[PDB]
Structures are given as structure tokens and as C-alpha cells.
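[1] dropping in the first section of the assembly, placed as in the complex:
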Amino acid sequence: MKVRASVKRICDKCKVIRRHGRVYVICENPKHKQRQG
Amino acid sequence: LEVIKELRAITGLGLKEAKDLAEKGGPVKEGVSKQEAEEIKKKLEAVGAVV
Amino acid sequence: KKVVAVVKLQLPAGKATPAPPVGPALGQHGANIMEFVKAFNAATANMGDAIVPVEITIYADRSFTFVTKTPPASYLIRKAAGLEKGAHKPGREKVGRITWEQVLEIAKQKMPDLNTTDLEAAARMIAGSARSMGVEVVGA
Amino acid sequence: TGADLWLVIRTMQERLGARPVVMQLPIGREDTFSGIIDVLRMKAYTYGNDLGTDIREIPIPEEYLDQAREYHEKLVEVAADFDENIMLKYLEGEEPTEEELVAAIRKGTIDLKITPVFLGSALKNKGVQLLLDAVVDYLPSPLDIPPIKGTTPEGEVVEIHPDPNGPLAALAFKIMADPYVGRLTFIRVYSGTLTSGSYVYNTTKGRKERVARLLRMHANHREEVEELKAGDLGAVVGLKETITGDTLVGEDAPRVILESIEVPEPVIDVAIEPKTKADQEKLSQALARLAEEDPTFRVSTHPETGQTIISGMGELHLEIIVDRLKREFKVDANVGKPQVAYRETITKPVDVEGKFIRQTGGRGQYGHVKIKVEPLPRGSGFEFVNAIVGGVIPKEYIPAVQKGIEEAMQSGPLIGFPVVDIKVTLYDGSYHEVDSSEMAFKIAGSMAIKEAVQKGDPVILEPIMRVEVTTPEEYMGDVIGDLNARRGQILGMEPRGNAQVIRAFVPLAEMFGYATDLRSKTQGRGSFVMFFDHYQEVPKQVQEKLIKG
């Protein structure tokens, strides 16, 4: 999931409180860490 | 007798404090809880409860 | 050693062995679980077998005390309708009808169980559950 | 680091249930160690430097002085469970002596119900002579050990009376190869007296053997004496046929065979195939020079194709073998994984034609047959159904017509494997009073079958096994994991001892050596077996990949 243009809201803990100007998707089990790159 | 059969304190476990006899007690009824009162109170024993 | 630990089980009169949750749930006990199957086997001898809830307590000196309850109405609706293995799917197939009395007697027999202690209430809980196992009811 | 006492005492009974009961205590944990207190004689033992050229018995520096007492009591306490003299003489007023306690404790130490806890770091010459003392004073003399057993030459088990003045009966054990003397055959006797320059009769192999010389092995040299008495232990020099697990007797002795029958099976089934054919012979030499020293594993050349099956109780085991192999004998062995036995089988009730006939005048043979060849569930049996109407095919051509089938079923139309559980049948054919030979209709049945399978959609069968695993609950769970994550599905479970069985279906292909894989989801504490039941269709995707050239 890391670095892919779909930074939705995957596992319902994952958040988009936009930082650095490139949305990350922040969760728990970090096989769920999508990124904007 | 009543330490290696019932009271699972094998023997040394239930009578390590036997220097001053640290064991006195037993429950009893009729037919249901009495059969161990014709044993606890009658089997070369003397923990005379109520019955 | 071990002290007082009241643990209950869910066992039918047919599997009499120290197998989970028979053993380790009552291992800290010395639970006479073969004197539980026996004192309860012939106890529910209104049919011979039946599946029944239980509750066995340890008191240190190898003391076991079990308290029991009745079988289910997921067997007193299927034994109340002539459905063999059951009735493949609820809101689908049909096998053997039930009526306004059969359901009433069923609701009766098991009074303190179900949920309420009002004959004109638990009977409703029965009036539903019959449908969820694949069988019709005769109304009027 | 991590040194203890307590924890050992805990996990001992948290895994087995055998009460320890103990004889000595540390002076400081990890490297905080100087000397050792004991609770036997109650003497403050202590060394000094690690090498232990400076031992001592200096006073108790306090600290644990009192603590010895409690467990000392406990020590003494358990002495009241055996020698019932120390019982009253500890629950009255007096003191238990330095002697009858040795017999209470040895009582417990031969009845197997207690476990005198001595420990220590002999890296640094500590804890040595103590455990030695305990060993002499407690360890089971070959006297009270309940006698071994050895069936008379009649068919009834007999006891060995370990008097060094009776019938000479002897067991053997460990088989080395010593470039000096040779086949070192490590033996422990039993009854009677073992002399030198005499003779022995190994009852097992029925061969009479010659004691070339006497042996025991010391720590620094060969102990060469003359006689080994009843139940004394050592080794005999010069003794051919004899291996491990035997029973020899005096040249004229009552002549019996000691029991000593054991059963640990080889779990993992490895395959080994070492290049050319120049190796196979040297491999014969290999498994030859094994078994006599290594009677623990099994060698069974795949009872269908090549590959000598090398099956052993552990991957390591198998690998020190695969290594000594490639070194001692040279065998450039390239270990692979076992093949499998697959079985052709159709799906749809297909009924085709198998003709023959050749007319060039004279004998050219006649043979037209059409048969039912219907299928059966993947466990039934080979069949045939005489559906002959008027005797069109003269019955006497039916025999070979069934084998032509049977031998055109040896190798199927696909991979070429024994077609099974395909209830054939028959029905309508033909003949000619002359041309119709036996082999002609043999070929009728044959070809008819071939067309029937080529067209009838033959799918591939594969062995489905019974894995039955022993395991303590936790591992059990994650092994349900492993098993169902090995293709086919499992079955059930039961609490056997401190364990939980695992009834299991398992296709051998995905199963290849589970022992080391077992010991990864059981982490060692698990056991199992593997067995068989029936054959089954692969879930499709393997019949498009296995179209191998």
C-alpha cells in the first residue's frame, strides 16, 4: 500500500489529517500505510 | 488418614505444622454429607464436629 | 494446591470424557466429571439422553457440586413438528407443520428458561424462533 | 545471565509433574557466585577461584544462613514421606542423622518420586565433587533395579538373576569401528561371568562368537583386563556378526534372548539420487556400512519408480548422514524430494469402440468390441460386466479381453498411471469362427479402453493421508493453522496426556517432511505419525501446470 495514488480511508482507524503536503494514511498494522508518491 | 485420601495436601503439606496440631474441622449432614462423618468421627478418628 | 472455583459447562449425555471444556476448565478441581455424567445421565431419563447445561464447583478437598438446567427448544420445536435433521433454510423450505397448541405446550414446558416468567410472553419468543429453522406454523 | 533455582523448580512441574525436592543452594546468582551452601550435612561449602585449586569450608557469612533452614526443613519434611523414623524424629524433638536420611533420600531416589537438586557451573570447576558424592550415595545400584527380561528358548519371558555365579547371559549395545582393534562392540553382560579367550553364543543371530580380547574404555587409555562380571559394563573386542541390540549367552548357558525391543520410527521421508549409476553401488555400500551402527532409520527404494527412499527421524540426522556419505564413501549425493503415485480416472460415463481386424488372406485376426466403461467413487474397485447377449463374442475370448483392458490401464493416456475405481463393464462385440484369435480381442479390450479414457475425461488422483499429531494446546491451535494451510483438511482432536491429538486429511505432495515443520508450529513439543486412506482429484489447477514435458 505504501506509495500509491489512492490515499483513501482504508482500515477505519486510518486517517488523513494532511501533513507535509502529501497525504499519508495513518493506521495500526502498518501494512496499511498508503502514501502520495 | 484424611490427608492422603481427601485433603490433597498429600501428607507433609497438611502436617508440617503438626507440632501443635494445625488441623481441626469437617462438615456433615445425612446420607448426602454424613458418610464422611461415620468416617471422620468414626474411623480411629476424633474430629467430632456436630454430628 | 487449589481453592474454591465455581466453573460451569455445556455437555450432552453421550460424551463422557475429560475432554475440553471438561478437563482444563475443571482441572483446577479434581472435578469428578464421571460422577457428573452418571448422576445426570439417569436424571434426565425422561428420554434417556438429551443435551443439558451444568455447573460444577470445586471445594479444595476434591469436592464437586453440579447444578443443571433443561434441554433446548431448538429441539423442542423440531421434536414438536417431525423435522428430521432439521429444515434446510428458514424462510425457504417446509417439512412438518406446527399448530397453536403444539407451540403453546412447547412454550409451557420450558417456563423458567427462555427469558421471561410469563406464559403469555415467552410463547411469543417461541412463535418466532420456529420460523428461523425452516418450518411453518398453523395460525387461526 | 538468567541463572536461577526457582524457575527450574517451577517448569519442572509445569511440564511433567515430577516433584523436585532439592539438596543445595547458591551463593549469589549470575557470576555473583563464590561458593555453595548445602542442606544435606548442612556445611558451608565454598571454593574460591574458578579453577578450584582453592576449595574451602569457611563460616556462613549470614545472608542466606537462615534461608537454608526453611528448605532444610522442607528437605527433612519429605524424608517423612519415606523413612517413617525421621517422620516422628522431625515431628517430635530430636534430629535426623547423617545416615538413615541417606536411605530415605535414596529410597526416593530409586522409587523415582523426588529429585535431589544439585546444579552448578563446572565451567569454573564448581559443583563437581558434590554431585559426585550425591551420585555414590543415592544413584540406583545395579542391585535394586527390577531385573531385565529375556524369553527362554520355548516362548516365555524369563528374568535375569544378576549373580556373577550363575548362567552367563549378556547384553550388548554400542558399535564403533576402531582402526586399532576394529569393530568395537560395547556390551553389558547380565548374569554369570564373562571370561577372556573363551566363546559366546549370540542367541539373536544364532551365531557362536569368539572373544578375541576383553575391553573397557577409560578416560585416557584402553582398559584391557580379563573378566567382566554379571551386569558389569564395557566392550568386547573382535566379534563380527554382532551389532546393536542383542543377547549373547555362555557357550553352554541356558541360552535365552533378552527383550530390549524398541520402536522410534523415521518421520521425515527424504529422497536421494546421486547423479550417475557409478554411485548406486557405492550407495549400497553406504546403507550397508550404516544400519549395523545406525539401526534407526529406513531405506526403501520407491516401490514404483527409482529414488532410494532415505527416511529418518530428523533432518539433522539425515544431513550428518548425507554429509558423511559425500565424504567417507564419496557419494556425490543430490538429495531431492519423493515423487508421488497418481491415478488416471474419468468423469463421464463414456462408451467407445475398440475394433481390430486385418484381412490379407488367412490369419489376420478379428476383434471388434464396444463396452460400457463407467466410473466409481475414488475408493471403490476395478470391475467388468459380462453384458454378452447371445454369445456373439464366444465367451472364450472374454478372458484376454479383460487383461488387454488391464494392461492398457497400467499406463494411462495422460501421464501413464494405474487407472483405478473405474467400473468398466462391457456389452456388444463380434467374432469370426477362425480369425478371432485370443490376442486379437486382447487388443480389442485394450484399444477400446484406450479410446474410452482418451475421450472420457481422465482426471488425476493423489494420496490423501492421515496425520495424527500430539501437542500441548497452544501449538495445537497454531498447528490447526499449519495443517489447514497445507491444502487438504484435517479432522479432529482429543486430550491425550498433556497433549491434544490431531486427526487429519493431508495430501502427501503438500506434506513433504512435516517433522521439522511440525517442530516449528509445535516448537519441538509436538509429535505425530502420518498414514493413508484414499486417492482424490486435485482441485483442477494442477492438471494444467503438470502438463510437463
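    Cool, the structure landed. Residues are numbered from 1 along each chain as shown, chains lettered A, B, ... in the order given.

[2] is residue D:482 in contact with residue D:523, as I believe?
    No - the criterion here is CB atoms under 8 Å, and residue D:482 misses it with residue D:523 at 11.8 Å. Any C-beta I mention is one placed from the backbone N, CA and C, and that applies to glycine too.

[3] which one of these two has more residues nearby?
    The neighbour count for residue D:482 versus residue D:523, taken as other CB atoms under 10 Å in any protein chain shown, is higher for residue D:482 (18 against 13).

[4] name all residues that make contact with that one.
    Contact analysis of residue D:482 by CB atoms under 8 Å, 6 or more residues apart in numbering or on different chains lists D:517, D:521.

[5] go again using 6 Å as the cut-off
    residue D:521 (CB atoms under 6 Å, 6 or more residues apart in numbering or on different chains).

[6] just the CA atoms of the helix or strand hosting it, as CSV, please.
    Secondary structure assigned from DSSP states H and E places residue D:482 in helix D:474-484. The C-alpha coordinates for helix D:474-484 follow below in CSV (Å, rounded to 0.1, in the frame of the first residue of the first chain):
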residue,chain,number,x,y,z
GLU,D,474,-1.2,-23.7,22.2
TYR,D,475,1.0,-25.2,19.5
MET,D,476,-2.1,-27.3,18.8
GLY,D,477,-4.0,-24.2,17.8
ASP,D,478,-1.4,-22.8,15.5
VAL,D,479,-0.9,-26.3,14.0
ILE,D,480,-4.6,-26.4,13.1
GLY,D,481,-3.3,-23.4,11.4
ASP,D,482,-0.4,-25.2,9.7
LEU,D,483,-2.5,-28.2,8.7
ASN,D,484,-5.4,-26.5,7.1
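
[7] put this one in as chain E:
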Amino acid sequence: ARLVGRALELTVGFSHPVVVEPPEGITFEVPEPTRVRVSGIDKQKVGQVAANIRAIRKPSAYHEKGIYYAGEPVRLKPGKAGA
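    Chain E, in position alongside the others:
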């Protein structure tokens, strides 16, 4: 752990000893090896040090072993987790 005089010393899951030492504004306080305490008078500069000792020895390791705030382990497999 063993805070000698002014210096916090420790040899945890690492070879050599460690010397963690006081910065301006905040203060250490070792009760014993297994549960070190900190008198830090600067809520911002303190938590820095908190997560910095914790970063000195990152715990977890699938099961346990390490330093924890009030931290709770997150479970995974030992001699397993290796297909």
C-alpha cells in the same frame, strides 16, 4: 540500571554500558534497574527525553523485551512467523 551520582548507567539489550546524562531543565531518578523514574520540570523537554530513552532501546521485538511508557506489547510469533 544504576544511576551513579549524576550519570544514568545501563546495560540492557546491548553489549556495552550506556551513559545517559542530565540536560538543563529536567532531572533523572533511578529507583532500580527495571523501572527508572524521571523528575523532569518541563513537559516539552521531558517527553523528548522520554521517547529518546525509549528510542535508545526500542522494545516490542514481536513479543517483549524493551522499555515502555505504560506501553503494552503487540503480539506476533516467536520461532514461528516464518513460512
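
[8] please re-evaluate the contacts of residue D:482 in the presence of chain E.
    Shown in contact with residue D:482 (CB under 6 Å, 6+ apart): residue D:521.

[9] returning to that earlier point: report the buried residues of the helix holding residue D:482.
    By 16 or more other CB atoms under 10 Å in any protein chain shown, the buried positions in helix D:474-484 come out as D:475, D:476, D:478, D:479, D:480, D:482, D:483.

[10] so what's the fourth one closest to, chain neighbours aside?
    Read that as residue D:479. In space, and not counting its chain neighbours, residue D:479 is closest to residue D:521: 4.6 Å by CB to CB, 6 or more residues apart in numbering or on different chains.

[11] who touches that neighbour in this structure?
    D:478, D:479, D:482.

[12] and the second one, how far is that from residue D:508?
    Computed with CB to CB, to the nearest Å, the distance linking residue D:479 and residue D:508 is 18 Å.

[13] picking up where we left off before, nearest to chain E among the buried residues of helix D:474-484?
    Comparing the buried residues of helix D:474-484 against chain E with CB to the nearest CB places residue D:478 closest, at 6.6 Å.

[14] next, count neighbours for the one residue in chain E that gets nearest to chain B.
    Closest to chain B within chain E is residue E:34: 33.2 Å, counting by CB to the nearest CB. When neighbours are defined as other CB under 10 Å, residue E:34 has 7 of them.

[15] ok, now residue C:77?
    Neighbours of residue C:77 (other CB under 10 Å): 23.

[16] RNA strand F should join the structure above:
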RNA sequence: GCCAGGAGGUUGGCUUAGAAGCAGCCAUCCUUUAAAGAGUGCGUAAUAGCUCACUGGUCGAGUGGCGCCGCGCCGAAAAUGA
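    With RNA strand F now in place:
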């Protein structure tokens, strides 16, 4: 957010080696209730467990959700110095 109430029949029937709200197919509840589901995720080998849902307790003023526009922003790596 904070303290807590967070049920019973049931193990829904199916199916499955077992499947309990948790593998899913048809599902398609009623009573005890001020509220508690044929159920949201975590957990399990299936349960147990964890937990949310709804309801009260505190608190004291605002609050989620849906359609729309303008500038943005990510998506956005190529070669002599900008």
C-alpha cells in the same frame, strides 16, 4: 471524552471436521428493557474473549452529514548551466 447498564432463547437454520453476530447461503427475530443487534471491527483452531452500536450519568454550547464553487494541492522521473 469521562463512570457505568452494554441481556435470553441461540449453538439461528443451513452448511462444515466444527462455524457460536464473526467462512459464508437463505437471513429478514420476539420477550425481559430507561437501552442491548441474528450484529461493527478486533480475537479463535471453531467458542470463549475484546468491542462498538443504542441508554442513562457528567458537562455546558453549539454540531455532524449531505449537494455546490474559486484558488489551490497530490498525481508529476531524462539526459552540456540555470
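
[17] since we added RNA strand F, can you redo the contacts of residue D:482?
    When contacts are counted by CB under 6 Å, 6+ apart, residue D:482 touches residue D:521.

[18] which one is residue D:344 nearest to, not counting chain neighbours?
    Leaving aside its sequence neighbours, residue D:344 sits nearest to residue D:412 (CB to CB, 6+ apart; 3.4 Å).

[19] so the one you found sits against residue D:342, correct?
    No - using CB atoms under 6 Å, residue D:412 makes no contact with residue D:342, being 9.2 Å away.

[20] circling back to that earlier point, and the helix or strand that the helix holding residue D:482 is followed by, which strands flank it?
    Following helix D:474-484 in sequence order, the next helix or strand is strand D:490-492 (DSSP H and E). Sheet pairing of strand D:490-492 (DSSP bridges) gives strand D:503-507 (antiparallel).

[21] which positions within the strand it pairs with qualify as buried?
    Buried-residue list, strand D:503-507, by 16+ other CB under 10 Å: D:504, D:505, D:506, D:507.

[22] equivalent analysis for stretch D:388-408, please.
    Buried, per 16+ other CB under 10 Å, within stretch D:388-408: D:393, D:397, D:398, D:400, D:401, D:402, D:404, D:405, D:406, D:408.

[23] for the last one, which residues are in contact?
    Spelled out, that is residue D:408. Going by CB under 6 Å, 6+ apart, residue D:408 touches D:446, D:449, D:450.
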